[PDB]
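Written below as C-alpha coordinates is the structure these notes are about.
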Amino acid sequence: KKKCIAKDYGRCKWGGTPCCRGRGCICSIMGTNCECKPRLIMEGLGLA
(Lines give C-alpha, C1' and ligand atoms only; values in the text may rest on other atoms or scores of the structure.)
Protein backbone atom coordinates (compact mmCIF):
# COMPACT_ATOMS: atom_id res chain seq x y z
CA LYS A 1 0.00 0.00 0.00
CA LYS A 2 2.27 2.83 -1.21
CA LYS A 3 1.22 6.44 -1.93
CA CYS A 4 0.84 7.72 1.65
CA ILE A 5 2.67 9.55 4.48
CA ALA A 6 4.52 7.31 6.96
CA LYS A 7 5.56 10.45 8.86
CA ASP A 8 3.77 10.41 12.24
CA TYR A 9 1.58 13.52 12.38
CA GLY A 10 2.09 13.83 8.61
CA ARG A 11 -0.03 16.69 7.21
CA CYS A 12 -2.47 14.90 4.88
CA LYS A 13 -5.92 15.46 3.34
CA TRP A 14 -8.99 13.20 3.04
CA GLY A 15 -8.74 13.81 -0.71
CA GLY A 16 -4.93 13.91 -1.06
CA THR A 17 -2.23 11.72 0.51
CA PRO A 18 -3.35 9.34 3.29
CA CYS A 19 -1.02 7.87 5.96
CA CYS A 20 1.34 4.92 5.46
CA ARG A 21 2.14 3.49 8.87
CA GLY A 22 -1.65 3.41 9.36
CA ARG A 23 -2.34 6.88 10.78
CA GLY A 24 -5.77 8.53 10.62
CA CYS A 25 -5.92 11.88 8.83
CA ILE A 26 -7.80 13.76 11.55
CA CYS A 27 -8.53 17.46 10.93
CA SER A 28 -9.76 20.25 13.23
CA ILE A 29 -13.37 19.18 12.60
CA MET A 30 -13.55 22.39 10.53
CA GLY A 31 -11.84 21.41 7.25
CA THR A 32 -8.39 22.81 8.11
CA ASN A 33 -5.22 21.62 9.90
CA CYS A 34 -5.61 18.04 8.59
CA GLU A 35 -2.86 15.66 9.76
CA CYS A 36 -2.14 11.91 9.96
CA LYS A 37 -1.90 10.99 13.67
CA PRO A 38 -0.71 7.63 15.02
CA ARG A 39 -4.15 6.00 15.46
CA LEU A 40 -5.58 7.80 18.52
CA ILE A 41 -9.00 6.94 20.00
CA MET A 42 -9.36 7.71 23.73
CA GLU A 43 -12.99 8.42 24.68
CA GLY A 44 -14.44 8.90 28.19
CA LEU A 45 -17.34 11.38 28.02
CA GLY A 46 -19.55 8.32 27.38
CA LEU A 47 -17.60 5.88 29.58
CA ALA A 48 -17.85 7.79 32.88
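A note on labels: chains of the C-alpha coordinates are A, B, ... as shown, every chain counts residues from 1, and ligands are counted from 1 in their shown order.
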If you run DSSP on the backbone, which residues of chain A are strand (DSSP E), as a ChimeraX atom specification?
/A:24-26,35-37
I want to know what sits within 7 Å of segment 38-44 of chain A, based on only C-alpha atoms, with residues of the same chain fewer than 2 positions away left out; could you give that as a list in words?
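Using only C-alpha atoms, the neighbours found are residues 8, 9, 23, 24, 36, 46, 47 and 48 of chain A.
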